[PDB]
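In the block that follows, a single chain appears as structure tokens, in the form deposited in one PDB entry.
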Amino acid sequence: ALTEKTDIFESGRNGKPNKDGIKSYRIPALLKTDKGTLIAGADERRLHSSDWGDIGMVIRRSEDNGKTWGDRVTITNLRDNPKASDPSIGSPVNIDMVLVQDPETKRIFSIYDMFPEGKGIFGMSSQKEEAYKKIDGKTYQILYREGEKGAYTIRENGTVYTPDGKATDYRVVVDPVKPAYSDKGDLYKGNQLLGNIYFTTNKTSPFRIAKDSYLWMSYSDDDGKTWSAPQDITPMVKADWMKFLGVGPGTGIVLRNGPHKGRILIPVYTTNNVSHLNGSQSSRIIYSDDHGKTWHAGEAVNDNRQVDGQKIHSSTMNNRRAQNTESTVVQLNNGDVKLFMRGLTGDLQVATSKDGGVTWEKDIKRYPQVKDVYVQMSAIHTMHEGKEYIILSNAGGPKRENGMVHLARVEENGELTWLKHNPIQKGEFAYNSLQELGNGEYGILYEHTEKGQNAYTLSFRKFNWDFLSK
């Protein structure tokens, strides 16, 4: 059996905003917390549906295990540029979240992309501006002044600082904010405002950050009810050559066994300056061994990998077919990590790691039993009456439609046997996130539209083992 859909994030209708003024909801993430709570995350795309604009990172909570859901809690929404001529592209952007709970600390992390005002990924500059500087062993974000060339950093209490190293006070950027963090990056000269460092057009202040892709994180210590101010984790994980670095949205994992047990894995992907979105999309994970304090980049699956007798690297590649993008991560009972990667083979592409996410084996396994129409997927480990299984959910196709939940037995070394492919949602079907619910039940937050819904409405369903196996 399978429950009827419960709509958790309701988008507007026929191009028009909903009751709150919001046209679109988008990128689902679902988390089952130690307290038994269900946390549902999404992009709140106010006016409109594209991969940019006024977008907030929002969650909702359920305590009755998915029956009823509380209020929308906004984690982060950066304030729009009020003097931008095109308001649909006139806001700093947060986009795509990953959720994970550290089982030791009970801390819940939401990691998500950040772009200043622009078209977030489809609006990146073709030239690099340095985003960060290491002054005397400490890393500070850079600022670029109008007309002037040179450093400018952000130190101490948001006190700016000239390329001279002179504490040119008057100037402060806010980073211990305050309201719902919409005032992050606000620039003051005195007690009076001015502008915001994430503003790109028609600026009322002289300072902006570098035009780049960024990676932010916020945490909750009260089961998802209140969230910390965004931590900029970018410099810990982003290399000099990297153009884009963003999350593979959905739900991350904590390793439960082997010598790296307790390691947090967050799926991510990069583009390089050689081919950007045309032929360099490359999956990897970032990880933390200290309960979310510091983060590190693992190697890309495409690093030192052989395609057609020629080795590639994610920093230099230009090959459309060899890309792998958004991914979903799972650990086996034998300690292996499997990375299910969105790609362009029409097939399920899977990478294998032996050292817990850092390095990847030579070959990408392909399963013709599971279609991939170039859309996000979620997969989870689950134990049923002995051993062992993985549950994977994505569009059946052709196109982003006919939602499928696929069931595989985990064999031996460490092989997968696809046992059944059960339809879960007819009509439009895109992004989705699976969770184990306890007691042989499972949950899913997925993208789907009906009856003129804008794109997308995010909906929840429970199901049991019978729905999966017969």
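Shifts are known only where both forms have a C-alpha. The term rigid core refers to the most C-alpha atoms you can superpose between the two forms while keeping them within 1.5 Å. We number the residues from 1 along the sequence you see.
There is also a form deposited in another entry; it is not shown, and the following applies to it.
Asks: With the two forms aligned on the rigid core, which of the residues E146, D164, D169, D308 moves its CA by 2 Å or more between the shown form and the other one?
Replies: Single residue meeting the criterion: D169.
Asks: Align both forms on the core first, then report whether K261 has a C-alpha shift of 2 Å or more between the shown form and the other one.
Replies: Comparing forms between the shown form and the other one, the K261 CA shifts below 2 Å.
Asks: Answer yes if the CA of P368 moves 2 Å or more between the shown form and the other one after aligning the rigid core, and no otherwise.
Replies: No, shifts by less than 2 Å.
Asks: Is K178 one of the residues whose C-alpha moves 2 Å or more between the shown form and the other one after the core fit?
Replies: Superposed on the core, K178 moves its C-alpha 2 Å or more between the shown form and the other one.
Asks: Since the Cα-Cα distance for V172 and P230 shifts by 3 angstroms or more in the other entry, is it a contraction (closer) or an expansion (farther)?
Replies: So the answer is closer.
Asks: Looking only at residues found in both forms, which runs of 3 or more have C-alpha shifts of at least 2 Å between the shown form and the other one after a core fit?
Replies: Once the cores are aligned, run 169 to 180 is the only one whose C-alphas move by at least 2 Å.
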